[PDB]
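To keep things clear, I will list the structure first and then write my remarks on it.
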Amino acid sequence: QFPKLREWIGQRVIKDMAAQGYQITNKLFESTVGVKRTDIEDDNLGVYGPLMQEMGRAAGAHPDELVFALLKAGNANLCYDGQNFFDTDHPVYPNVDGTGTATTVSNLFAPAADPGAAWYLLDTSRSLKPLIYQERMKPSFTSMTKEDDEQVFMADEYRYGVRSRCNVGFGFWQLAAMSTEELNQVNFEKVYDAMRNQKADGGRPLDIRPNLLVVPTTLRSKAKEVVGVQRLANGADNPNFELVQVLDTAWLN
Amino acid sequence: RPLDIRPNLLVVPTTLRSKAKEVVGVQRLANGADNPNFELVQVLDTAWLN
Amino acid sequence: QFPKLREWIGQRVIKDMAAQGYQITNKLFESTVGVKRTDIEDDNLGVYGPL
Amino acid sequence: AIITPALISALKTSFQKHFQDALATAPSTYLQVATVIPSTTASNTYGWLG
């Protein structure tokens, strides 16, 4: 960002910019299953050859596993700045900022708040190669003649999970998400306001607009009372009703 | 991999019918609040239970 | 289900799949009622007959 | 096959600019709390009648 405006006194202080870079390399993946000729050719029941479609759906489901495992491990993997994606010591010019809250008493499951409105989303994924498959169902195969048979069915995929700004995301607050009060409202509005109160390199607000709340299946009820209930226990409004849309996923924890 | 399970039916005997309908079937809980468990599971009342 | 994807390090790791089986046998039931010939064959009001 | 890891291992990359302008800045708001009065000299003196 361009340096902030300054009051003209004496000469000028010629400043410098700050270019940033992120590097990430593709990885190779494969799942392979081997069977025998006698097994399949003696399978008169026909409940042994859905291998093709099972393998196809495994390949289709791989990206979900990759992305959500990365989301789980965000507290361990590093973002561009140099710290963990979810860390308490994200650096600003002289300042230190934290995007992960704990309790050291009750930390079981972590909800996640993701402002996906921006052009670049969170925990992005890169697709270098689509899926490709192969079989061993002809006599001339080396595997077909290596033993009785090795009728392998495998997958080939080049992928790796990616991430983005580790300040636009706040995805670790394992304190609590639901109670009569102070867990239903405090720890959620806390994340919302902390994300809306971020400061950029230079001294300008980030303009964060949290819109997605991601929780495991176990915290969905807490998330739904936090957002999705119009009235309140005492008959009043829920000030956070319809504040952010919640999504329930079973690929985390 | 996760299993997709979508509960849609709650089976209770006659004696628990009132409790089941109160849990799911009432829109206002105590002070006009909203029931989070309204119209998510359909209750089945059968006398062939306990 | 098919095994999950694995990072490529050296050689393909040939995996195994599994199948499951369940079985149950039928059972035979009955309900029996005994009535007296003279009791029902003399029934003139039709009390018996919905049997 | 064999090659120095400072030429191929360095040039086997594709630069992309997705990260550019990913985030934004707080929108302008001073209009809702202030009027714009242009000035043509060092200072502006204001005067109104009682």
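Chains: A, B, ... in order of the structure tokens. Residues: from 1 per chain. Ligands: from 1, in order shown.
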- Query: Please, which residues of chain C lie no more than 12 Å from chain B when the count uses only C-alpha atoms, and can they be set out as JSON, numbers by chain?
  - Reply: {"C": [1, 2, 3, 4, 5]}
Would you pick out the contacts of residue 102 (chain A) at 8 Å or less, using only C-alpha atoms, so that residues sharing its chain but fewer than 2 positions from it are not included, and give the list as a PDB file with N, CA, C and O atoms, in the first residue's frame?
ATOM      1  N   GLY A 100      -6.454 -16.477  16.721  1.00  0.00           N
ATOM      2  CA  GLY A 100      -6.869 -17.730  17.320  1.00  0.00           C
ATOM      3  C   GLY A 100      -7.009 -17.616  18.824  1.00  0.00           C
ATOM      4  O   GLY A 100      -6.062 -17.221  19.511  1.00  0.00           O
ATOM      5  N   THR A 104      -7.460 -22.879  27.483  1.00  0.00           N
ATOM      6  CA  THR A 104      -6.631 -23.770  28.289  1.00  0.00           C
ATOM      7  C   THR A 104      -7.442 -24.524  29.335  1.00  0.00           C
ATOM      8  O   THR A 104      -6.856 -25.178  30.208  1.00  0.00           O
ATOM      9  N   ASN A 107     -11.366 -26.620  25.564  1.00  0.00           N
ATOM     10  CA  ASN A 107     -11.106 -26.420  24.139  1.00  0.00           C
ATOM     11  C   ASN A 107     -11.306 -27.764  23.448  1.00  0.00           C
ATOM     12  O   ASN A 107     -10.391 -28.593  23.414  1.00  0.00           O
ATOM     13  N   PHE A 172     -10.345 -20.489  14.889  1.00  0.00           N
ATOM     14  CA  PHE A 172     -10.061 -21.301  16.070  1.00  0.00           C
ATOM     15  C   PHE A 172     -10.489 -20.505  17.299  1.00  0.00           C
ATOM     16  O   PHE A 172      -9.739 -19.651  17.783  1.00  0.00           O
ATOM     17  N   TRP A 173     -11.699 -20.783  17.786  1.00  0.00           N
ATOM     18  CA  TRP A 173     -12.163 -20.300  19.089  1.00  0.00           C
ATOM     19  C   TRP A 173     -12.932 -21.458  19.722  1.00  0.00           C
ATOM     20  O   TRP A 173     -14.139 -21.608  19.515  1.00  0.00           O
ATOM     21  N   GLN A 174     -12.219 -22.273  20.497  1.00  0.00           N
ATOM     22  CA  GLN A 174     -12.761 -23.498  21.067  1.00  0.00           C
ATOM     23  C   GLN A 174     -13.375 -23.293  22.446  1.00  0.00           C
ATOM     24  O   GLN A 174     -13.644 -24.279  23.140  1.00  0.00           O
ATOM     25  N   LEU A 175     -13.595 -22.046  22.864  1.00  0.00           N
ATOM     26  CA  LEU A 175     -14.170 -21.790  24.179  1.00  0.00           C
ATOM     27  C   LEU A 175     -15.567 -22.385  24.284  1.00  0.00           C
ATOM     28  O   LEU A 175     -15.793 -23.321  25.057  1.00  0.00           O
TER      29      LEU A 175
END
- Query: For residue 60 (chain A), which residue among A:130, A:203, A:115, A:235 is the nearest when counting only C-alpha atoms?
  - Reply: A:130
- Nearby residues (only C-alpha atoms) at most 12 Å from region 186-197 of chain A, same-chain spacing under 5 positions excluded, as a PyMOL selection string: (chain A and resi 97-103+110-115+166-181+203-213+222-227+238-241+243-244) or (chain D and resi 25-26)
- Task: Compute the chain A side of the contact with chain C at 6 Å, counting only C-alpha atoms, and hand it back as a PyMOL selection string.
- Result: chain A and resi 28-34+54-55
